[PDB]
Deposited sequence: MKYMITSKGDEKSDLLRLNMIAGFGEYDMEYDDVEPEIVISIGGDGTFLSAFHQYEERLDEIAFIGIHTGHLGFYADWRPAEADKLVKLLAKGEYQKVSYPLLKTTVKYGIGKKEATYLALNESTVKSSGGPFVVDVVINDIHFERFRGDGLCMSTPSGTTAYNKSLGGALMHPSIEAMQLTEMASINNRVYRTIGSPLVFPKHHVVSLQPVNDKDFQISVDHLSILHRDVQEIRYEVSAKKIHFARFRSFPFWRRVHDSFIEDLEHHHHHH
C-alpha cells in the first residue's frame, strides 16, 4: 500500500531510509507522503514525535513504526538491523495494530484552539508568577502556585512526567496524569502535591487568577498564548495506531531505558 519514511536528517538515518525504499521497490508498495497508510520514522523518539504531528489529521488511517538509529526509544523501538525484516513484514501486511491514548488540549480566548499531544502538554508563566485555579469536572480543586503544570499521556509518562515525580502508566490504560512543577506549599497556599491520574471523560481545566498569558507546550511545540480564559485537558477520542511485528513489552522497554541494557 501507500507509505512514507521520515528521517532525523543525519547520514546514518538518510542511508537507512534509502535502503528501505529500495527494498520496498521489490514489493507492491507505493511511496506517497500525502495519503500514506504506513509511516516509518528513522532516528529517535523526537523524530517519531515530528512524524506523529505531521499526520495528526489522518491518525485513523496510519500505522506508525519507529526505528532508532541511536539509543533505544519508547516509540522508535526497533534496531536498524531489523530494517530488512521490517520492510518484508510491512509489505505483506496482515500485521496487528496497537493503539495508545492521546491527550486533547483546548485553549479558550476572549475563540478556541485545540491540539493533540502524544507525550504531554505543559503550562507555565510568561515570565511572572504562575497562578491558576484547577477545576476538575467543574469542581474547583485547588489554586496552584509554582512553576507550572504538566498533563501527560500514558506513553508520555516516561518523558517529562517522570522527571517531575509522576508515575509510569502502562499505555493500555486510557488515562492522563497531572504533575506539579516546583509548587509552593505554605500556610496559605496548598496544592495536592501528589500526581493525579484521571480516567476517560474527566475534564481538567485551568483558569487564570491574574495573568492571562501562559507559555503552553504540546510535545516539542511551545507557543506563547495571550488573553487566555481557560485551558481544558481530557483524554482524546483519537488514538495513535502502531504496527506490531513482534513482542516488545512496555515494561521491558522501561527496563531497557532506565535500568540497563
- Residue ranges with no C-alpha coordinates, please: along the deposited sequence, counted from 1, in order. 111-113, 265-272
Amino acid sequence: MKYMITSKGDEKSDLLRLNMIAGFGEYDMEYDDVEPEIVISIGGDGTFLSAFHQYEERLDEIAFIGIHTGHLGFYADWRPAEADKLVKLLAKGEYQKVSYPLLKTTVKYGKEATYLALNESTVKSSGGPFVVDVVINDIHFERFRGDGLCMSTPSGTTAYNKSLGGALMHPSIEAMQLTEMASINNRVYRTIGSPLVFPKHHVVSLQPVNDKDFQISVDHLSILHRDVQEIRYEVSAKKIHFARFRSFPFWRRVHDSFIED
From here on, numbers count along this sequence of modelled residues.
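Between two forms, the rigid core is defined as the largest C-alpha subset superposing within 1.5 Å.
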- Message: Using the rigid core for superposition, please say which stretch has the greater CA deviation in 6 other deposited structures of this protein, 161-169 or 187-195.
- Response: 187-195
- Message: After superposing on the rigid core, which of 115-123 and 75-83 has its C-alpha atoms sitting farther from this form in 6 other deposited structures of this protein?
- Response: 75-83
- What about residue 70, is it left unmodelled in a third or more of the other PDB entries we looked at? yes
- Query: When the other entries of this protein are compared, is residue 110 unmodelled in at least a third of them?
  - Reply: yes
- Per the PDB record, is the mean Cα temperature factor higher over 214-222 or over 26-34? 26-34
- Output the stretch having the higher mean C-alpha B factor in the entry; the candidates are 181-189 and 160-168. 181-189
- Item | Candidate set 145, 104, 88, 124 [ranked by C-alpha B-factor, highest] | 88
- Which of these, 74, 100, 78, 141, has its C-alpha atom at the highest B-factor, as the entry lists it? 78
- Message: Can you tell me whether residue 202 has a C-alpha B-factor in the lowest, middle or highest third compared with the other modelled residues of the same chain?
- Response: lowest
- Note on the structure: Here the Cα B-factor of residue 70, set against its chain, lands in the third termed highest
- Chain thirds by Cα B factor, record data; residue 250 belongs to the lowest
- Considering only modelled residues of the same chain, in which third does the CA B-factor of residue 135 rank: lowest, middle or highest? middle
- Task: Within this chain's modelled residues, let me know which third the CA B factor of residue 153 belongs to: lowest, middle or highest.
- Result: lowest
